[PDB]
């Protein structure tokens, strides 16, 4: 009931800003383009249970992440993000979901897709339906998040917790 999952996606998505909105309920706009392999942890109570939630952050400038073979290997669920203000990030989601399924333990591992930076209404480039459709072909939940607003952040992470808690219970 230590629960570990991994946040991943492209550089600029906002997976550092997103974990901090959840862990600490506020928004640091300052963030070095991550070089290392950090994590924030925090105790949650969901289904009247003990959850030491361990939120592992990754460097956006590699898919060598999930080649960690311990950090990725030890993780139980994945939180794939993209930026709703660059298409490139969104288009890679297929390649991400793909490489997860292959290099992961289970054939179908527990994933939640977030389209971040939703507050940037004026720079939106990914259309919501197309996103929802991509969520359909894979049958994984989708949330339009903002680490600036907090919109759907808690929902999104709580879903991933609920998914793997189900997986844990099914066993």
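Numbering follows the first chain given and starts at 1.
- prompt: Which has higher Cα B-factors on average according to the PDB entry: 138-146 or 42-50?
  reply: Comparing averages over the C-alpha atoms only gives 42-50.
field: Which of 78-86 and 97-105 has higher mean CA B factor, as the PDB entry lists it
entry: If you average the C-alpha B-factors of 97-105 and of 78-86, the larger mean comes out for 97-105.
- prompt: In terms of the CA temperature factor given in the entry, to which third of its chain does residue 69 belong: lowest, middle or highest?
  reply: CA B-factor rank for residue 69: highest third.
- request: Sort the modelled residues of this chain by their C-alpha B factor and say whether residue 121 lands in the lowest, middle or highest third.
  value: Answer is middle: the recorded C-alpha B-factor places it there.
message: Ranking the modelled residues of this chain by C-alpha B-factor as given in the entry, is residue 62 in the lowest, middle or highest third?
response: Middle third.
field: Where the record places residue 18 (Cα B-factor, split into thirds across the chain)
entry: According to the entry, residue 18 has a C-alpha B-factor in the chain's lowest third.
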